[PDB]
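Quick look at coords.pdb (PDB, C-alpha atoms (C1' of nucleotides) and all ligand atoms):
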```
MODEL        1
ATOM      1  CA  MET A   1      11.133  25.526  17.005  1.00  0.00           C
ATOM      2  CA  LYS A   2      10.304  26.851  13.608  1.00  0.00           C
ATOM      3  CA  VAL A   3       7.116  28.719  13.071  1.00  0.00           C
ATOM      4  CA  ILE A   4       5.764  30.844  10.262  1.00  0.00           C
ATOM      5  CA  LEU A   5       4.499  34.208  11.426  1.00  0.00           C
ATOM      6  CA  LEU A   6       0.960  35.181  10.463  1.00  0.00           C
ATOM      7  CA  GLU A   7       1.482  38.820  11.418  1.00  0.00           C
ATOM      8  CA  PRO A   8       4.239  41.380  11.963  1.00  0.00           C
ATOM      9  CA  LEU A   9       5.524  40.865  15.491  1.00  0.00           C
ATOM     10  CA  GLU A  10       7.575  43.337  17.521  1.00  0.00           C
ATOM     11  CA  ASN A  11      11.218  42.263  17.439  1.00  0.00           C
ATOM     12  CA  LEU A  12      10.390  38.673  16.377  1.00  0.00           C
ATOM     13  CA  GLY A  13       9.722  39.013  12.660  1.00  0.00           C
ATOM     14  CA  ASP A  14       7.582  39.875   9.654  1.00  0.00           C
ATOM     15  CA  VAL A  15       4.404  38.227   8.281  1.00  0.00           C
ATOM     16  CA  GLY A  16       5.124  35.132   6.179  1.00  0.00           C
ATOM     17  CA  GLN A  17       8.637  34.859   7.635  1.00  0.00           C
ATOM     18  CA  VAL A  18      10.172  31.712   9.136  1.00  0.00           C
ATOM     19  CA  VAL A  19      11.525  32.174  12.649  1.00  0.00           C
ATOM     20  CA  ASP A  20      12.822  30.102  15.554  1.00  0.00           C
ATOM     21  CA  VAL A  21      11.076  30.230  18.938  1.00  0.00           C
ATOM     22  CA  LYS A  22      11.080  28.196  22.180  1.00  0.00           C
ATOM     23  CA  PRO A  23       8.415  25.442  21.926  1.00  0.00           C
ATOM     24  CA  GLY A  24       6.671  26.879  24.941  1.00  0.00           C
ATOM     25  CA  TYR A  25       6.220  30.228  23.235  1.00  0.00           C
ATOM     26  CA  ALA A  26       4.922  28.683  20.077  1.00  0.00           C
ATOM     27  CA  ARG A  27       2.531  26.263  21.716  1.00  0.00           C
ATOM     28  CA  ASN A  28       1.018  28.298  24.504  1.00  0.00           C
ATOM     29  CA  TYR A  29       0.914  31.805  23.025  1.00  0.00           C
ATOM     30  CA  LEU A  30       1.721  32.039  19.283  1.00  0.00           C
ATOM     31  CA  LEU A  31      -0.319  29.123  18.007  1.00  0.00           C
ATOM     32  CA  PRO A  32      -3.398  29.494  20.208  1.00  0.00           C
ATOM     33  CA  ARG A  33      -3.688  33.206  19.463  1.00  0.00           C
ATOM     34  CA  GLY A  34      -3.586  32.611  15.705  1.00  0.00           C
ATOM     35  CA  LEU A  35      -0.317  34.573  15.473  1.00  0.00           C
ATOM     36  CA  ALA A  36       1.654  31.735  13.777  1.00  0.00           C
ATOM     37  CA  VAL A  37       1.716  28.152  12.579  1.00  0.00           C
ATOM     38  CA  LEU A  38       4.201  25.289  12.718  1.00  0.00           C
ATOM     39  CA  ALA A  39       6.800  25.276   9.983  1.00  0.00           C
ATOM     40  CA  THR A  40       5.637  21.772   9.015  1.00  0.00           C
ATOM     41  CA  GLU A  41       6.631  20.574   5.576  1.00  0.00           C
ATOM     42  CA  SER A  42       2.986  20.586   4.596  1.00  0.00           C
ATOM     43  CA  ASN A  43       2.381  24.255   5.470  1.00  0.00           C
ATOM     44  CA  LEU A  44       5.825  25.342   4.459  1.00  0.00           C
ATOM     45  CA  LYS A  45       4.646  24.192   1.029  1.00  0.00           C
ATOM     46  CA  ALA A  46       1.605  26.423   1.243  1.00  0.00           C
ATOM     47  CA  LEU A  47       3.545  29.536   2.248  1.00  0.00           C
ATOM     48  CA  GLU A  48       5.768  28.890  -0.717  1.00  0.00           C
ATOM     49  CA  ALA A  49       2.723  28.654  -3.016  1.00  0.00           C
ATOM     50  CA  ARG A  50       1.380  31.918  -1.672  1.00  0.00           C
ATOM     51  CA  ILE A  51       4.733  33.674  -2.184  1.00  0.00           C
ATOM     52  CA  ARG A  52       4.564  32.183  -5.632  1.00  0.00           C
ATOM     53  CA  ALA A  53       0.968  33.189  -6.361  1.00  0.00           C
ATOM     54  CA  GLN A  54       1.365  36.716  -5.094  1.00  0.00           C
ATOM     55  CA  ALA A  55       4.548  37.120  -7.150  1.00  0.00           C
ATOM     56  CA  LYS A  56       2.575  35.960 -10.213  1.00  0.00           C
ATOM     57  CA  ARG A  57      -0.266  38.446  -9.950  1.00  0.00           C
ATOM     58  CA  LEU A  58       2.148  41.278  -9.069  1.00  0.00           C
ATOM     59  CA  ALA A  59       4.578  40.780 -12.006  1.00  0.00           C
ATOM     60  CA  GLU A  60       1.470  40.160 -14.072  1.00  0.00           C
ATOM     61  CA  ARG A  61       0.175  43.645 -13.224  1.00  0.00           C
ATOM     62  CA  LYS A  62       3.661  45.190 -13.765  1.00  0.00           C
ATOM     63  CA  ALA A  63       3.098  43.702 -17.222  1.00  0.00           C
ATOM     64  CA  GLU A  64      -0.552  44.725 -17.795  1.00  0.00           C
ATOM     65  CA  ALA A  65       0.628  48.327 -17.281  1.00  0.00           C
ATOM     66  CA  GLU A  66       4.035  48.222 -19.076  1.00  0.00           C
ATOM     67  CA  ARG A  67       1.923  47.020 -22.066  1.00  0.00           C
ATOM     68  CA  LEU A  68      -0.325  50.052 -21.587  1.00  0.00           C
ATOM     69  CA  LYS A  69       2.815  52.175 -21.731  1.00  0.00           C
ATOM     70  CA  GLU A  70       3.036  50.738 -25.277  1.00  0.00           C
ATOM     71  CA  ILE A  71      -0.558  51.715 -26.355  1.00  0.00           C
ATOM     72  CA  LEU A  72      -0.115  55.339 -25.059  1.00  0.00           C
ATOM     73  CA  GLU A  73       3.410  56.991 -25.061  1.00  0.00           C
ATOM     74  CA  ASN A  74       3.140  56.090 -28.831  1.00  0.00           C
TER      75      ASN A  74
ATOM     76  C1'   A B   1      24.366 -20.585  20.461  1.00  0.00           C
ATOM     77  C1'   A B   2      26.461 -21.830  15.617  1.00  0.00           C
ATOM     78  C1'   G B   3      27.091 -26.209  13.153  1.00  0.00           C
ATOM     79  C1'   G B   4      25.295 -31.533  12.018  1.00  0.00           C
ATOM     80  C1'   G B   5      20.915 -35.226  11.900  1.00  0.00           C
ATOM     81  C1'   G B   6      15.586 -35.154  11.634  1.00  0.00           C
ATOM     82  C1'   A B   7       9.850 -33.603  11.444  1.00  0.00           C
ATOM     83  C1'   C B   8       7.231 -30.203   8.531  1.00  0.00           C
ATOM     84  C1'   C B   9       7.583 -27.127   4.452  1.00  0.00           C
ATOM     85  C1'   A B  10       5.126 -21.486   1.799  1.00  0.00           C
ATOM     86  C1'   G B  11       5.203 -17.627   1.425  1.00  0.00           C
ATOM     87  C1'   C B  12       2.370 -13.090   1.086  1.00  0.00           C
ATOM     88  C1'   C B  13      -0.348  -8.067   1.888  1.00  0.00           C
ATOM     89  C1'   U B  14       1.063  -3.062   2.779  1.00  0.00           C
ATOM     90  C1'   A B  15       3.501   2.465   3.701  1.00  0.00           C
ATOM     91  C1'   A B  16       6.094   5.979   0.548  1.00  0.00           C
ATOM     92  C1'   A B  17       7.273   8.079  -4.753  1.00  0.00           C
ATOM     93  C1'   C B  18       3.772   8.996  -8.769  1.00  0.00           C
ATOM     94  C1'   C B  19      -1.247   9.020 -11.266  1.00  0.00           C
ATOM     95  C1'   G B  20      -6.704   9.529 -10.847  1.00  0.00           C
ATOM     96  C1'   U B  21     -11.265  10.692  -8.076  1.00  0.00           C
ATOM     97  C1'   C B  22     -14.651  12.415  -4.328  1.00  0.00           C
ATOM     98  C1'   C B  23     -14.922  15.348   0.003  1.00  0.00           C
ATOM     99  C1'   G B  24     -13.429  19.390   3.415  1.00  0.00           C
ATOM    100  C1'   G B  25     -10.576  23.937   4.808  1.00  0.00           C
ATOM    101  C1'   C B  26      -9.415  29.561   4.018  1.00  0.00           C
ATOM    102  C1'   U B  27      -4.187  32.042   3.839  1.00  0.00           C
ATOM    103  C1'   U B  28      -7.910  30.812  -3.945  1.00  0.00           C
ATOM    104  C1'   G B  29      -4.542  26.727  -5.725  1.00  0.00           C
ATOM    105  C1'   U B  30       0.815  24.690  -9.430  1.00  0.00           C
ATOM    106  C1'   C B  31      -2.654  24.997  -2.186  1.00  0.00           C
ATOM    107  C1'   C B  32      -3.024  22.015   2.340  1.00  0.00           C
ATOM    108  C1'   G B  33      -5.633  18.090   4.341  1.00  0.00           C
ATOM    109  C1'   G B  34      -8.923  13.440   4.670  1.00  0.00           C
ATOM    110  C1'   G B  35     -11.377   9.063   2.267  1.00  0.00           C
ATOM    111  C1'   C B  36     -11.291   5.779  -1.944  1.00  0.00           C
ATOM    112  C1'   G B  37      -8.872   3.633  -6.522  1.00  0.00           C
ATOM    113  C1'   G B  38      -4.476   2.889  -9.293  1.00  0.00           C
ATOM    114  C1'   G B  39       0.842   1.994  -8.732  1.00  0.00           C
ATOM    115  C1'   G B  40       4.625  -0.597  -5.507  1.00  0.00           C
ATOM    116  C1'   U B  41       7.130  -4.159  -2.209  1.00  0.00           C
ATOM    117  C1'   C B  42      12.774  -5.084  -2.388  1.00  0.00           C
ATOM    118  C1'   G B  43      19.242  -6.465  -0.646  1.00  0.00           C
ATOM    119  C1'   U B  44      22.366  -9.553  -7.158  1.00  0.00           C
ATOM    120  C1'   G B  45      19.281  -3.325  -3.750  1.00  0.00           C
ATOM    121  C1'   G B  46      14.163  -2.400  -5.088  1.00  0.00           C
ATOM    122  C1'   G B  47      10.724   0.906  -6.748  1.00  0.00           C
ATOM    123  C1'   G B  48       8.778   5.859  -9.084  1.00  0.00           C
ATOM    124  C1'   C B  49       8.962   9.106 -13.122  1.00  0.00           C
ATOM    125  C1'   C B  50      11.122  10.030 -18.460  1.00  0.00           C
ATOM    126  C1'   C B  51      13.304   7.712 -23.312  1.00  0.00           C
ATOM    127  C1'   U B  52      14.421   2.849 -26.192  1.00  0.00           C
ATOM    128  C1'   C B  53      13.360  -2.172 -27.237  1.00  0.00           C
ATOM    129  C1'   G B  54      10.363  -6.616 -26.273  1.00  0.00           C
ATOM    130  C1'   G B  55       4.241  -8.047 -25.688  1.00  0.00           C
ATOM    131  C1'   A B  56       0.838 -16.635 -23.224  1.00  0.00           C
ATOM    132  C1'   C B  57       2.295 -19.481 -18.647  1.00  0.00           C
ATOM    133  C1'   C B  58       1.959 -19.747 -13.182  1.00  0.00           C
ATOM    134  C1'   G B  59      -1.707 -19.685  -9.589  1.00  0.00           C
ATOM    135  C1'   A B  60      -3.943 -19.763  -4.066  1.00  0.00           C
ATOM    136  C1'   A B  61      -3.881 -19.887   2.441  1.00  0.00           C
ATOM    137  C1'   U B  62     -10.592 -17.564  -0.821  1.00  0.00           C
ATOM    138  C1'   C B  63     -14.888 -19.975  -3.201  1.00  0.00           C
ATOM    139  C1'   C B  64     -17.538 -24.424  -5.519  1.00  0.00           C
ATOM    140  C1'   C B  65     -17.974 -29.810  -6.366  1.00  0.00           C
ATOM    141  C1'   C B  66     -16.305 -34.515  -5.014  1.00  0.00           C
ATOM    142  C1'   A B  67     -13.511 -38.943  -2.805  1.00  0.00           C
ATOM    143  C1'   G B  68     -12.540 -40.111   2.077  1.00  0.00           C
ATOM    144  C1'   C B  69     -13.789 -39.659   7.507  1.00  0.00           C
ATOM    145  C1'   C B  70     -17.436 -38.966  11.986  1.00  0.00           C
ATOM    146  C1'   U B  71     -22.392 -38.979  14.015  1.00  0.00           C
ATOM    147  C1'   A B  72     -27.014 -45.289  13.893  1.00  0.00           C
ATOM    148  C1'   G B  73     -25.899 -49.988  11.867  1.00  0.00           C
ATOM    149  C1'   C B  74     -25.470 -54.951   8.929  1.00  0.00           C
ATOM    150  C1'   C B  75     -23.708 -59.892   6.849  1.00  0.00           C
ATOM    151  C1'   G B  76     -20.454 -63.256   8.968  1.00  0.00           C
ATOM    152  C1'   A B  77     -17.955 -70.574   8.771  1.00  0.00           C
ATOM    153  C1'   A B  78     -18.418 -75.354  11.584  1.00  0.00           C
ATOM    154  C1'   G B  79     -21.418 -80.792  16.621  1.00  0.00           C
TER     155        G B  79
HETATM  156 MG    MG A 101      25.486 -14.385  20.555  1.00  0.00          MG
HETATM  157 MG    MG A 102      19.528 -26.279  14.453  1.00  0.00          MG
HETATM  158 MG    MG A 103      18.737 -28.533  10.883  1.00  0.00          MG
HETATM  159 MG    MG A 104       6.049 -37.356  12.629  1.00  0.00          MG
HETATM  160 MG    MG A 105      -2.668  14.505   1.220  1.00  0.00          MG
HETATM  161 MG    MG A 106      -4.886  15.955  -3.215  1.00  0.00          MG
HETATM  162 MG    MG A 107      -6.239  11.762  -2.081  1.00  0.00          MG
HETATM  163 MG    MG A 108      17.339   2.247  -8.687  1.00  0.00          MG
HETATM  164 MG    MG A 109      -3.265 -15.468   0.280  1.00  0.00          MG
HETATM  165 MG    MG A 110     -23.830 -62.342  13.480  1.00  0.00          MG
HETATM  166 MG    MG A 111     -21.991 -67.821  14.687  1.00  0.00          MG
ENDMDL
END
```

Could you take the file, read its structure, and then write that structure out as structure tokens?
Ligand SMILES: [Mg+2]
Ligand SMILES: [Mg+2]
Ligand SMILES: [Mg+2]
Ligand SMILES: [Mg+2]
Ligand SMILES: [Mg+2]
Ligand SMILES: [Mg+2]
Ligand SMILES: [Mg+2]
Ligand SMILES: [Mg+2]
Ligand SMILES: [Mg+2]
Ligand SMILES: [Mg+2]
Ligand SMILES: [Mg+2]
Amino acid sequence: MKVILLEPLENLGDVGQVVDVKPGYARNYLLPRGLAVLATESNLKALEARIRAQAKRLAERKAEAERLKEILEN
RNA sequence: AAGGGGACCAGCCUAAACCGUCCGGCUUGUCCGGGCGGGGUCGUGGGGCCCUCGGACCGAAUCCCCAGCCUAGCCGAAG
């Protein structure tokens, strides 16, 4: 069963990552303890949009600076 | 059971894509979800979206009126 981790988890996987666990594990431990969520299409979308939105504001800072290399350094 | 002969005869509405709107969530949006509206409905496959061209008739199973019908009656020949 595919779930998306909400946290780093000892020898399972890393936050945001999509892993495969026994339905029991997911339903009766992972999900109830907030540690993960079903890899539904609908919240697979969302994880993708977060990966997307983080990657925007990061490469957008690696540009706000690189541009400030141009004001100084000259 | 098909098929043949008959009775009757009638076909429609959606879900999804996509577009819009309100509402809610927290893991802030190019987000996810729920309501509503638009769109769409099919087997020669149909639809959506994007180009090109083209730009009145049909019509209810709903509603309204009416004929007709029912719920009392009445006239009715000649010892
Ligand atoms: Mg048979
Ligand atoms: Mg027959
Ligand atoms: Mg027949
Ligand atoms: Mg008959
Ligand atoms: Mg939705
Ligand atoms: Mg929406
Ligand atoms: Mg909606
Ligand atoms: Mg087609
Ligand atoms: Mg109808
Ligand atoms: Mg009499
Ligand atoms: Mg008499």

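Using all atoms listed in the file, we find that the part of chain B lying within 12 Å of chain A comprises residues 26, 27, 28, 29, 30, 31, 32 and 33 of chain B.
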
### Query
In Å to one decimal, how far is atom CA of residue A:18 from atom CA of residue A:1?
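About the pair atom CA of residue A:1 and atom CA of residue A:18: they are 10.1 Å apart.
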
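Straight-line separation from atom CA of residue A:39 to atom MG of ligand MG 106 (chain A): 19.9 Å.
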
#### Entry: Picked residues, the PyMOL selection byres (((chain B and resi 53-64) around 12) and not hetatm), as a ChimeraX atom specification
/B:10-12,51-52,65-66

Build an axis-aligned box that encloses every atom of stretch 3-21 of chain B listed in the file, pad it by 8 Å on each side, and report its centre and edge lengths in Å to one decimal, as AutoDock Vina command-line options.
```
--center_x 7.9 --center_y -12.3 --center_z 0.9 --size_x 54.4 --size_y 61.9 --size_z 40.4
```

### Query
So how far away is atom CA of residue A:25 from atom CA of residue A:7, in Å?
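The value is 15.4 Å.
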
### Message
For a quick check of understanding, using all atoms listed in the file, which of B:49, B:24, B:75, B:19 has the smallest distance to residue B:37?
### Response
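Checking each candidate against residue B:37, we get B:19 as the closest.
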